[PDB]
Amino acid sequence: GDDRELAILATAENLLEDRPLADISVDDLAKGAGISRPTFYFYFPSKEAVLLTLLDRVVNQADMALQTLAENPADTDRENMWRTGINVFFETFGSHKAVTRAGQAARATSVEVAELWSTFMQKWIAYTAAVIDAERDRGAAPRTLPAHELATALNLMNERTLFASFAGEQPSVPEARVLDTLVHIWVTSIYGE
């Protein structure tokens, strides 16, 4: 039932480790899922909708993990609080690099992919800004830039910088250094005068 659907998704995510979506045919997905090409189309209109579903699950997995942190504060310093939260994105997207890479490509051609990404970035920026505001209200952070503008740039930094590490781009921060790098830039810019 929904098992044939998982088979298509797992075949898609596995095939994206090797080649781009343009190099993957519907026949490839059906064969890997052990169904016919017409049977495929009963679960998905296109290979793009398969990628969209994959990307939706990764993004919602990150968002839910961040949701879980928010409701359970980790008893630790402010630097570590920020570290733990940025780590959700490092670990979640870093555990799904093929989908992250293919989703980024799809933003140029899929309105749904762009709108999905944009919606969750908006959500994460707003929550970053609220935490910054809370820190300012309690006197732990100085009132420097507008909180939402600062939060926007930091979250766009993470998007671009994590993606480059995962993709092995030149230039990029080494994957084993990128978390420490982003944390330093967040904490100095949030708490620095």
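Rigid core here is just the name for the largest C-alpha set that superposes within 1.5 Å across the two forms. Counting begins at 1, following the sequence as shown.
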Report summary line: Core-fitted, the stretch whose Cα atoms sit farther from this form in 9 other deposited structures of this protein, 30-38 versus 66-74, is 66-74
Query raised in the report: Between 20-28 and 175-183, which has the higher average C-alpha B-factor in the PDB entry?
Result: 20-28
Report task. Mind pulling up the entry and telling me whether 105-113 or 89-97 has the higher mean Cα temperature factor? Result -> 105-113
Report summary line: Of the three thirds of Cα B-factor ranks in this chain, residue 125 occupies the lowest
Report summary line: On the chain's distribution of Cα B-factors, residue 7 falls within the third called highest
**Report entry** Chain thirds of CA B-factor: placement of residue 37
**Finding:** highest
Report summary line: Chain-relative C-alpha B factor for residue 162 (record values, thirds): the lowest
Report task. Using the B-factor values recorded in the entry, state whether the Cα atom of residue 148 falls in the lowest, middle or highest third among the modelled residues of its chain. Result -> lowest
